[PDB]
Amino acid sequence: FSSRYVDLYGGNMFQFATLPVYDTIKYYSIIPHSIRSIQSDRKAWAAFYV
Amino acid sequence: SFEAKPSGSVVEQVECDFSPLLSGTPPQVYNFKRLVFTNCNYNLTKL
């Protein structure tokens, strides 16, 4: 479900995609991404909250 | 009391392909395989 697909301002959750996975998932990982940039390029980064 | 008479039923109608279901190797019952269909016309009579 993504709020951006329907109303970004509303924040309401509307399904945008369906994933055909029928396997039970017992674990997840978050924020493994990293930025490669020079010192001038570095800027404050927004964060994701679970 | 009197009741109205039903008439002019309104049905709103893209034919989803069923070829993957009838093609390839069916997986075992533990590996159950299903295809999700939404917003698509169906031909159960052909199957």
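- cryo-EM is the method the PDB entry lists for this structure, together with a resolution of 3.99 Å.

**Examining the overall build of chain B**
Thought 1: Each helix and strand counted, chain B has 1 helix and 0 strands in total.
Thought 2: Its C-alpha atoms give chain B principal-axis dimensions of about 60 × 25 × 20 Å.

**Quick look at the overall build of chain A**
Thought 1: Each helix and strand in chain A was counted, giving 1 helix and 0 strands.
Thought 2: Taking 10 Å as the expected radius of gyration for a compact globule of 50 residues, we find that chain A reaches 16 Å, considerably beyond that expectation.
Thought 3: Dimensions of chain A along its principal axes, counting C-alpha atoms only, are 45 × 30 × 15 Å.

**Observations regarding the environment of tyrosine 27 of chain A**
Thought 1: On the secondary structure map, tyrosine 27 of chain A appears in the segment after α1 (3-6).
Thought 2: Taking the C-alpha atoms as reference, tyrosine 27 of chain A lies 21 Å from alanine 47 of chain A; in sequence the two are 20 residues apart.

**Focus on the layout of surface pockets**
Thought 1: For the largest pocket, the calculated volume is near 160 Å³.
Thought 2: Lining the largest pocket are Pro20, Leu21, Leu22, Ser23, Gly24, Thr25, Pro26, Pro27, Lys33 and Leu35 of chain B.

**Here we look at the packing of aromatic side chains**
Residue and element names in this part refer to chain B.
Thought 1: For the structure on display, the rule yields 1 aromatic pair over all chains.
Thought 2: Measuring from centroid to centroid gives 5.3 Å for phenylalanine 18 and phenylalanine 37, while their planes differ by 90 degrees, and the two rings are edge-to-face. Note that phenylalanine 18 is positioned in the segment before α1 (19-22) and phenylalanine 37 in the segment after α1, a separation of 19 residues in sequence.
Thought 3: Using a relative accessible area of 34% as the deciding quantity, one classes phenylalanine 37 as partly exposed.

**Digging into unusual backbone geometry**
Thought 1: A positive phi is found at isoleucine 31 of chain A, a non-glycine position, where the angle reads about 55 degrees.
Thought 2: Summarising the element assignment, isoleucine 31 of chain A is placed in the segment after α1.

**Quick word on the side chain of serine 3 of chain A**
All names here are of chain A.
Thought 1: Mapped onto the secondary structure, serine 3 falls in helix α1.
Thought 2: From its side chain, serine 3 meets the backbone oxygen of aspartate 7 in a polar contact 2.9 Å long.
Thought 3: Apart from the residues lying within four places of it in its own chain, the contact partners of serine 3 are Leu8, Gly11, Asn12 and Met13.

About the thresholds
- Sequence order as written determines residue numbers, which begin from 1 on each chain and need not coincide with the entry numbering; residues that lack coordinates are not included.
- Chain A is the first chain written and ligand 1 is the first ligand written, with later ones labelled in order.
- A larger assembly contains the chains shown, yet all values here describe just the shown part.
- Processing note: side-chain calculations cover all non-hydrogen atoms of the structure and skip hydrogens and water entirely.
- Residues with missing side-chain atoms are left out of burial classes, side-chain pairs and their counts.
- For helices the rule is a DSSP run of H or I covering at least 4 residues; for strands it is a run of E covering at least 2, with both sets numbered from the N terminus onward.
- A radius of gyration in this sense is built from C-alpha atoms; the matching globule rule multiplies 2.2 Å by the number of residues raised to 0.38.
- Detection works on a 1 Å grid of protein atoms alone, calling trapped sets that fit a 1.4 Å probe cavities and calling open sets with protein on both sides within 12 Å along at least five of seven lines pockets, with lining residues defined by an atom within 4 Å of a point.
- Grid points are joined across faces, edges and corners, and a volume is the space filled by probe spheres set on the points.
- Pairing of aromatic side chains here covers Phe, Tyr and the six-membered ring of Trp, requires ring centres within 6.5 Å, and sorts the geometry by plane angle: under 30 degrees stacked, over 60 edge-to-face, intermediate tilted.
- Relative accessible area decides the class of each residue, using a 1.4 Å probe on protein chains only: under 20% of the type maximum gives buried, over 50% gives exposed, and in between gives partly exposed.
- Pairs of N or O atoms within 3.5 Å make up the polar contacts considered here, provided that, within protein, one atom can donate a hydrogen while the other can accept it, and that residues adjacent in sequence are counted only when both atoms are side-chain atoms.
- In this analysis, two residues are considered to be in contact whenever any of their non-hydrogen atoms come within 4.5 Å of each other.

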